[PDB]
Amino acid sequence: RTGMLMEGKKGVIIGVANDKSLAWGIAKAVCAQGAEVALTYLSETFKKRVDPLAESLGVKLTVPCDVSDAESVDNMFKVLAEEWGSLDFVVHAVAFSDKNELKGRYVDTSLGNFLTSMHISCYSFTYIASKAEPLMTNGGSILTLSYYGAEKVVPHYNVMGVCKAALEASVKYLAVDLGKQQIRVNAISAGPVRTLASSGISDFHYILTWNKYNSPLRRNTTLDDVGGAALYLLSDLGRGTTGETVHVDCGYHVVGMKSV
């Protein structure tokens, strides 16, 4: 632990499956600042994957949560209510889309993929926000993750661009609903980060390298970058910001053509 920005703040982080993800980068930053964190895992099968990550962060409460199953989500919040009685933050780092449809054209998106992607990548945040609300009695902060594909067309993203635009819109509506209770709702629009030594996807190598060479900072977004932004939005530093999508992308969102 390196500071106290999150000292006394309890929160659940949804989406930590390995030590390479944005969700991990957020968990590490808030734990390093004194937060008390619960991590979710998809099902009994994956508990073994999450335990060591949890142990290494000092997390003592791990809970099953499959965000596509309302009962799973309800149970998870019941556990947090029982263990803690209240909640200060929620981090939603969950997305899903059919990988085979990403390789093709958006216009050929299937209804099943569209609805499943929308459910998991967008609606789940709304449902989670509704369940968090009654536990967040001393205000709080609810955070999700987005990406520039919500705003502009980028490769290998297709229906997720549409889901993330929906998400970013939902953040605004939720902020209004939850703001009277001083609950902030925000998104981080993260630049691409390498999670895999080889994804085997040329578009992903392309996305990463294009961002690296053409972003104002001339590097890729790191987990620590995203951690720092999450610390802003989830601690008291971020009290006056809600409904916002903050770009944590080394500046890429300002580029209209190419670095020269």
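Note that residue numbering begins at 1 and tracks the sequence as displayed.
Novice: Looking at the deposited entry, does 125-133 or 93-101 carry the larger mean Cα B-factor?
Specialist: Looking at the record's C-alpha B-factors, the answer is 93-101.
Novice: Looking only at CA atoms, which has the higher mean B factor in the entry: 192-200 or 59-67?
Specialist: It is 192-200 that shows the higher mean C-alpha B-factor.
Novice: Quiz for you: based on the deposited Cα B-factor, which of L217, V30, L233, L53 is highest?
Specialist: Of the options given, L53 has the highest CA B-factor in the PDB entry.
Novice: Checking the entry, which one of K78, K152, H119, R184 has the top C-alpha B factor?
Specialist: Reading the PDB entry, the winner on C-alpha B-factor is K78.
Novice: Based on the entry's values, in what third of the chain does the Cα temperature factor of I207 lie: lowest, middle or highest?
Specialist: Tercile = middle for this residue's CA B-factor.
Novice: Sort the modelled residues of this chain by their C-alpha B factor and say whether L167 lands in the lowest, middle or highest third.
Specialist: Its C-alpha B-factor, which the entry lists for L167, ranks in the lowest third among residues of this chain.
Novice: Grab the CA temperature factor for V16 from the record and place it in the lowest, middle or highest third of its chain.
Specialist: Highest third - that is where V16 ends up once the chain's C-alpha B-factors are sorted.
Novice: Based on the entry's values, in what third of the chain does the Cα temperature factor of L87 lie: lowest, middle or highest?
Specialist: Answer is highest: the recorded C-alpha B-factor places it there.
Novice: Rank-wise, by C-alpha B-factor, drop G139 into the lowest, middle or highest third of its chain.
Specialist: Top third by C-alpha B-factor.
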